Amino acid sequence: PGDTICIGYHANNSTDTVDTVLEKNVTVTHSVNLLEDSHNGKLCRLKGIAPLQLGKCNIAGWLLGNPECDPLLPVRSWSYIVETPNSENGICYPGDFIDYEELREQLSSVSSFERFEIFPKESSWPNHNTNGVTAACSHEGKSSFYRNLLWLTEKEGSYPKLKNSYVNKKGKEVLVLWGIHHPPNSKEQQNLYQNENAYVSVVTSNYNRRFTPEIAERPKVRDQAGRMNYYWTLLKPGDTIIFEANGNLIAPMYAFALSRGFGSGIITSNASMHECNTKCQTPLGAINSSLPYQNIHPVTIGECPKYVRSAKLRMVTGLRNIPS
């Protein structure tokens, strides 16, 4: 029998639920998801630049020039580096790659480099044979060798003491790799290098190492009882590297002039390259998101939401939903 005005609040058909400290699973009229769980399932460019897909190769094989990795030779610049679960082609002549993980760490901040012939084949070794190959590094069925190194062997029965140098006028850091062969028996030693008591020395202004062959018969690996250890160093702009040997030197032929970048890295991924561009790449896929968190993957390239273990992060914006 009287006019009424009532104060009240909104209800709707939302089934959004959120958690609170006093109560779980409160149904609320509006809410917002803060946890990105979506990715495109692909590898993408980062700022228009494609990643470097090593495929069946790993960093070792890429930088030594394992012949299985030949398709990587022309690639000069990348946004990130992708290894795969099948990234198996590294060293093909067995041995140790010294401070390999440090070398990978160094390549993680490289964004492009220049492959150049530090010690040209046809003009650096007039008194040595630059022709050694091995079946451990076969290409197309024929014995071969790393496209960035050069096996020096005796020429006409004598291995004269060599001493060559290079001066880094590239105005950037030069990554230099070389190798040290360890024959399995004294016969092979003398046959390849004619000086059973050989040595190699590599020196820059800040690097100083001397190498001695260790000759022994070891378990065969890729059908080789011999060994080859691999070494690297960064040559500072304007500095000089000097090699000196009377045997066993696997000499540099190609080297890399590096340019540093930011926000690069190495990741391992099942996923396939695609014609897409992204600001945020995980190994499972690319994220296109403004949300602050994500439960997709802890490994991220670019500018990504923060990884958390959470299954659900939903923030209520509206009200308790109480439809009448």
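If you superpose the two forms and keep the largest set of C-alpha atoms that fall within 1.5 Å, you have the rigid core. For every residue, the number given is its place in the sequence shown, counted from 1.
Of 78 to 86 and 147 to 155, which departs more from this form in 8 other deposited structures of this protein by CA RMS after core fitting: Evaluated in 8 other deposited structures of this protein, the stretch farther from the shown form is 78 to 86.
Greatest C-alpha divergence in 8 other deposited structures of this protein once each structure is fitted on the rigid core, 51 to 59 or 261 to 269: With the rigid core superposed, the C-alphas that lie farther in 8 other deposited structures of this protein are those of 51 to 59.
Stretch with the greater mean C-alpha B-factor as recorded in the entry, comparing 211 to 219 against 86 to 94: For C-alpha atoms only, the mean B-factor is higher in 211 to 219.
Stretch exceeding the other in mean C-alpha B-factor - 137 to 145, 155 to 163: Between 155 to 163 and 137 to 145, it is 155 to 163 that shows the higher mean C-alpha B-factor.
Out of 81, 103, 198, 177, residue topping the C-alpha B-factor column of the entry: Checking the PDB record, the top C-alpha B-factor among 81, 103, 198, 177 is at 198.
Among 228, 251, 107, 192 - the residue whose C-alpha B-factor is largest in the record: Answer, based on the entry's C-alpha B-factors: 192.
Ranked C-alpha temperature factor of residue 47 among modelled chain residues, by third: Answer is highest: the recorded C-alpha B-factor places it there.
Residue 256 CA temperature factor, ranked by third within the chain: Ranked within chain, residue 256 CA B lands in the middle tercile.
Chain-relative CA temperature factor third for residue 318: Within its chain, residue 318 is a lowest-third residue by C-alpha B-factor, going by the deposited values.
Chain thirds of CA B-factor: placement of residue 8: CA B-factor rank for residue 8: lowest third.
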